[PDB]
Amino acid sequence: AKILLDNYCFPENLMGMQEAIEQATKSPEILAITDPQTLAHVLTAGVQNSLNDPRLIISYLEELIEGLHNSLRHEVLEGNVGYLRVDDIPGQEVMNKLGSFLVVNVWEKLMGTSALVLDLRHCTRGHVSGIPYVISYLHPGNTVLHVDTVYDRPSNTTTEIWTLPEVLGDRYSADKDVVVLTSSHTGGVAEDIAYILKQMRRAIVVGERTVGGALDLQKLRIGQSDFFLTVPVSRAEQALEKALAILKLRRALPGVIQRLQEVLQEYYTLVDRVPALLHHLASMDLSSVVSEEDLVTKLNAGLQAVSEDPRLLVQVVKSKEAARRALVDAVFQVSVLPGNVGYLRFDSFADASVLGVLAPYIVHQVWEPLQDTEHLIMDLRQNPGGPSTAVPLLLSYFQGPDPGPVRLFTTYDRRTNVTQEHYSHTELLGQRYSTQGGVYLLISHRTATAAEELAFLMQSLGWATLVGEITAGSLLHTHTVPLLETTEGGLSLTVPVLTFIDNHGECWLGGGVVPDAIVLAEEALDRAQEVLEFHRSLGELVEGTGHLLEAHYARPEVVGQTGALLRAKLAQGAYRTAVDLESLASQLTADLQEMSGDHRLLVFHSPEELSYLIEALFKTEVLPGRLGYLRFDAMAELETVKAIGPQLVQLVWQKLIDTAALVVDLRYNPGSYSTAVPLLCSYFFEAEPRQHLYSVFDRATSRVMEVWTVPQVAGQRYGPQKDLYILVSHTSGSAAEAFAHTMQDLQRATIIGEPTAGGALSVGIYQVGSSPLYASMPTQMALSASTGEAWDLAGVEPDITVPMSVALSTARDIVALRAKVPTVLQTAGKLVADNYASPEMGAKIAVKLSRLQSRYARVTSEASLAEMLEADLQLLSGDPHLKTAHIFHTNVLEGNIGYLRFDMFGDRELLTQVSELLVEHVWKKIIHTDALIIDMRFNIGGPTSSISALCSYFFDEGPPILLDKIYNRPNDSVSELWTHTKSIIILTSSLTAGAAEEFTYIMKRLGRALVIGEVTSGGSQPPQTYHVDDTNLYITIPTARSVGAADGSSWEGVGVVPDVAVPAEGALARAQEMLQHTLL
């Protein structure tokens, strides 16, 4: 084992472990370890087991054409398929003498085949330089890509596959497919050939998984004989035609969907969603499918997903006069079950024609004894049925509630494209058995098709209810279409043909009907008898419920229609689907809640210790900022509240007497006893007057009661002016609801939290005449003090809607903002007095703004104070510019007339750099024109410093004539406007900004130009935003009022009105009309 020490030195499995094995070195007489023949087989189960290596074996010019030619055989097989074989892997030096022959002759015949297969079973050994070329021949592309992890120890360089462009002629087409073949005899060199292809996904692998070992194994021969080394230094027989079968199927996979698209959209039955269907039919990938079994699985999943109807029929796995009336009475058996109940059993539906021609015997035998039955039961458990042609005839006998003809079911056939309405046959020769009293169908899991249709039709129309197990769901309205059968394939597809839209207009996909009583098939008869026994008293329960609801309900206006609706439902028999008491109770609850609009109505079937208790119940603390946090965990007493008196008032109430702000924690209060609530409310209001809190209306007393505050309960009253806050959550009880309503109606608190559902002021459970059923209904109602309307019936609507966990922080923010309100008003008034267009008007605003303290003391929250302050400022000052918030073209017209238009403003410094540009841009085209037209109807706005530039550019050089005096309050002075040392008419509109019209204004004072258009927007100077100490207020203050005008009546607010009013779109057309005439 001296060779092994140097050749194989990979640390991934050695780390020098063989150095200990190297210590054996010669070891020529170590047979004592094991006898000669093995001890290599022992090492096969020894070191090789510890190595965990891919196998280890130790034992005890025409000339090149001739050798290679025997290694391959290429021919065109059926289906236009090429076969390739190889036993010696080529090398770089080989193609220097053999590559031309491979491409001239062998490769030419390969490209003429639609599919190619390569064989690697007989590959044993070869060089490494041959693999980059075989992939290059196979790879359609020309870009070099390297994806490989293999390294050779003597080369000391990692090897990655390279697709060289050295190939001669056209490469393999990307459209055609190839498959690799391998076996146990496949060599390592051929193993990585398939390994790269599988990762490339270009080809597919067939047959048994190969060894997957090292690509090459180093060989060495020393000693006398009997052993040559094969150390790895470099790190199912039927599959020949199996791929051909795959290729043949793959040859038809381009055509596997053409027929499927043809048969699917034949008619409207299955293509109700055809825009999605046809789109997805071409979306299936032919590379993913690799086998016939896999083809079935992928097509089935895709077909169900696109149609969104998985339960419907889908793709299926491929395939490899005496005797006459004697019979009439024999097929149909009728018995008088005790209790005057008719029993009917069916075995087969026969045919509609047979029943039509044998009707008189059939009716004379079955309906003559069945006419006297109070209730009828049908036992079709043992009835496959078969044809469904006679279904409408049987349904005609059961006329239903309405004797008039009515459609039962609508059927549409794909083959005929005919929609037929099945009206109730009213010419039957029978006694017309009525559905009154109920008919019950006993259905097993063997109803098959016709009986199952009859049962489903009975259930849908409501004329019957089903007792028994679920149905099989098998249906005969389905045709299996052939689809691509060849040799052993035999694929098959089944497609539904009938739609069978019911009376409700909902298509019945089929597959099984759920009965109203899931009971074992054997136990169906006793269950049906029990349902008979229960259904005899259905009317009594409904009548009792109606009478009770009339007797003890707070709102009679609801009862006036509730009684009628319940009676109408009972008369028709819509409750026949109830099988047990609980189901009937649930249905009654659903009906009452859905039509009465009330969700509270419900029906269902069957010393030191005092101090410790009160301290455990309450959580009293004074939060920072002088505000209380009294919490009512559970307080729903009647007289013990006034019984305890001082022992609790001194301990709890006397501590929070001087809080100056009180917060009630009603989030956790399941108390639902609105009995002594007004006593608690009387503390907050004024003692001397009798304040009407709310009025309660009692049905039993049948008149409206009034609730008044207690004149005197204790000497510690909270106080009227001091604020209050109430916190309500979704789990709040009934008492807290009443407290919140009575504080919100009188406008005493500010409810913060989330809406709470369920008032239930006072509920009392009453029992109907029958024991098992109890009714829970609100026997009380409260009317508001302000108006006679009842309460919201759904709970309070908090002014601030926040989750119950964050409610306390919101209350803290609210009280902080309320405390901050007066300072905000004071500083806003001071700022307005300081800066404004009119100093006297600003002083008046500041004086008057201080008188709105009372109105601002009840602000709901932030961002409403801002809007209400804006409204107050805008009503105080006629300027609508007081807002508050919270966090170049040139043309020449006809007749020698110039044109100008611009709507954006920039700073004088900004225009200084571009001042030179505009001289040769806007003035070059207008220097020669007789007249000018200027438009600013779409002006956006900007600073007023650019005014002087506009006047200076327009005016000719000379002594300054411009005169404008403007009071600048931030400057605390007045500034005069001076200019920098034909005809023109202004085009204005309402969209002109507040920075535009002053240009128009100064034009009309000097008389140089006239103005055409309509009224301006009444803007102002660009307001200077201001920041208040509160972060939520940005006050905008107009200033720099134009006062230098002799008249003293500013354009502000009112705007500028031109001489003649014209529309903005017509103003431009009207702009040049008079210019032409005045030059005409």
# chains A, B, ... in the order shown; residues from 1 in each chain; ligands from 1
>>> select_by_dssp(residues="stretch 277-417 of chain A", states="helix (DSSP H, G or I)", output="number ranges by chain")
A: 277-281, 292-307, 323-331, 352-357, 359-370, 391-397
>>> residues_around(residues="residue A:620", least_positions_apart="4", cutoff="10 Å", atoms="only C-alpha atoms", output="VMD selection string")
chain A and resid 615 628 to 632 651 to 653 655 to 656
>>> write_last_selection(atoms="N, CA and C atoms", output="JSON list (two decimals), in the first residue's frame")
[["chain", "number", "residue", "atom", "x", "y", "z"],
["A", 615, "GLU", "N", -61.09, 46.79, 48.26],
["A", 615, "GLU", "CA", -59.78, 47.13, 47.72],
["A", 615, "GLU", "C", -59.40, 46.21, 46.57],
["A", 628, "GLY", "N", -57.87, 61.68, 37.98],
["A", 628, "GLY", "CA", -58.12, 60.41, 38.62],
["A", 628, "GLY", "C", -58.23, 59.26, 37.63],
["A", 629, "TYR", "N", -58.14, 58.05, 38.17],
["A", 629, "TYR", "CA", -58.24, 56.83, 37.37],
["A", 629, "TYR", "C", -59.09, 55.80, 38.09],
["A", 630, "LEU", "N", -60.24, 56.23, 38.61],
["A", 630, "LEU", "CA", -61.15, 55.31, 39.28],
["A", 630, "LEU", "C", -61.63, 54.24, 38.31],
["A", 631, "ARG", "N", -61.57, 52.99, 38.75],
["A", 631, "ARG", "CA", -61.92, 51.84, 37.92],
["A", 631, "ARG", "C", -63.05, 51.06, 38.57],
["A", 632, "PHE", "N", -64.05, 50.69, 37.77],
["A", 632, "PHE", "CA", -65.20, 49.91, 38.23],
["A", 632, "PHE", "C", -65.08, 48.52, 37.62],
["A", 651, "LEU", "N", -63.21, 55.84, 51.80],
["A", 651, "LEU", "CA", -62.00, 55.13, 51.39],
["A", 651, "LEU", "C", -61.65, 55.41, 49.93],
["A", 652, "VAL", "N", -62.65, 55.51, 49.06],
["A", 652, "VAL", "CA", -62.43, 55.64, 47.62],
["A", 652, "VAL", "C", -62.83, 57.02, 47.11],
["A", 653, "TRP", "N", -64.09, 57.41, 47.32],
["A", 653, "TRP", "CA", -64.57, 58.66, 46.74],
["A", 653, "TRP", "C", -63.87, 59.88, 47.34],
["A", 655, "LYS", "N", -60.93, 60.20, 48.31],
["A", 655, "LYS", "CA", -59.56, 60.34, 47.85],
["A", 655, "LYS", "C", -59.48, 61.10, 46.52],
["A", 656, "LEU", "N", -60.47, 60.92, 45.64],
["A", 656, "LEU", "CA", -60.49, 61.55, 44.33],
["A", 656, "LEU", "C", -61.40, 62.78, 44.29]]
>>> residues_around(residues="residue A:856", least_positions_apart="4", cutoff="9 Å", atoms="only C-alpha atoms", output="ChimeraX atom specification")
/A:818,821-822,825,852,865,868-869
>>> residues_around(residues="stretch 209-211 of chain A", least_positions_apart="3", cutoff="7 Å", atoms="only C-alpha atoms", output="PyMOL selection string")
chain A and resi 182-184+186+191
>>> residues_around(residues="residue A:379", least_positions_apart="2", cutoff="12 Å", atoms="only C-alpha atoms", output="ChimeraX atom specification")
/A:332-335,342-347,376-377,381-383,439-444,446-447,451,455,466-468,521-522,524-525,528
>>> residues_around(residues="residue A:198", least_positions_apart="6", cutoff="12 Å", atoms="only C-alpha atoms", output="list in words")
residues 135, 147, 178, 179, 180, 191, 192, 204, 205 and 206 of chain A
>>> write_last_selection(atoms="N, CA and C atoms", output="PDB file, in the first residue's frame")
ATOM      1  N   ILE A 135     -20.575  17.899 -24.703  1.00  0.00           N
ATOM      2  CA  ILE A 135     -21.575  18.867 -24.266  1.00  0.00           C
ATOM      3  C   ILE A 135     -21.669  20.019 -25.261  1.00  0.00           C
ATOM      4  N   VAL A 147     -20.304  25.202 -15.119  1.00  0.00           N
ATOM      5  CA  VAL A 147     -20.966  24.747 -13.900  1.00  0.00           C
ATOM      6  C   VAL A 147     -20.475  23.326 -13.646  1.00  0.00           C
ATOM      7  N   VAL A 178     -33.423  15.090 -26.095  1.00  0.00           N
ATOM      8  CA  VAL A 178     -32.512  13.960 -25.996  1.00  0.00           C
ATOM      9  C   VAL A 178     -32.696  13.291 -24.642  1.00  0.00           C
ATOM     10  N   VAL A 179     -32.314  12.017 -24.581  1.00  0.00           N
ATOM     11  CA  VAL A 179     -32.412  11.219 -23.364  1.00  0.00           C
ATOM     12  C   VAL A 179     -31.147  10.381 -23.231  1.00  0.00           C
ATOM     13  N   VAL A 180     -30.652  10.255 -22.001  1.00  0.00           N
ATOM     14  CA  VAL A 180     -29.420   9.529 -21.719  1.00  0.00           C
ATOM     15  C   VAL A 180     -29.764   8.142 -21.197  1.00  0.00           C
ATOM     16  N   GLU A 191     -20.537   9.014 -16.267  1.00  0.00           N
ATOM     17  CA  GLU A 191     -21.421   9.396 -15.170  1.00  0.00           C
ATOM     18  C   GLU A 191     -21.590  10.908 -15.100  1.00  0.00           C
ATOM     19  N   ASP A 192     -20.482  11.651 -15.146  1.00  0.00           N
ATOM     20  CA  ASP A 192     -20.571  13.106 -15.119  1.00  0.00           C
ATOM     21  C   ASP A 192     -21.158  13.673 -16.403  1.00  0.00           C
ATOM     22  N   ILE A 204     -33.075  14.304 -20.211  1.00  0.00           N
ATOM     23  CA  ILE A 204     -33.734  13.569 -19.141  1.00  0.00           C
ATOM     24  C   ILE A 204     -33.030  12.228 -18.980  1.00  0.00           C
ATOM     25  N   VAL A 205     -33.106  11.675 -17.772  1.00  0.00           N
ATOM     26  CA  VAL A 205     -32.421  10.434 -17.424  1.00  0.00           C
ATOM     27  C   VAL A 205     -33.437   9.303 -17.346  1.00  0.00           C
ATOM     28  N   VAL A 206     -33.093   8.163 -17.943  1.00  0.00           N
ATOM     29  CA  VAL A 206     -33.939   6.978 -17.925  1.00  0.00           C
ATOM     30  C   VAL A 206     -33.093   5.797 -17.471  1.00  0.00           C
TER      31      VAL A 206
END
>>> atom_distance(atom1="atom CA of residue A:31", atom2="atom CA of residue A:225")
17.5 Å
>>> closest_residue(among="A:4, A:875, A:94, A:752", to="residue A:233", atoms="only C-alpha atoms")
A:4
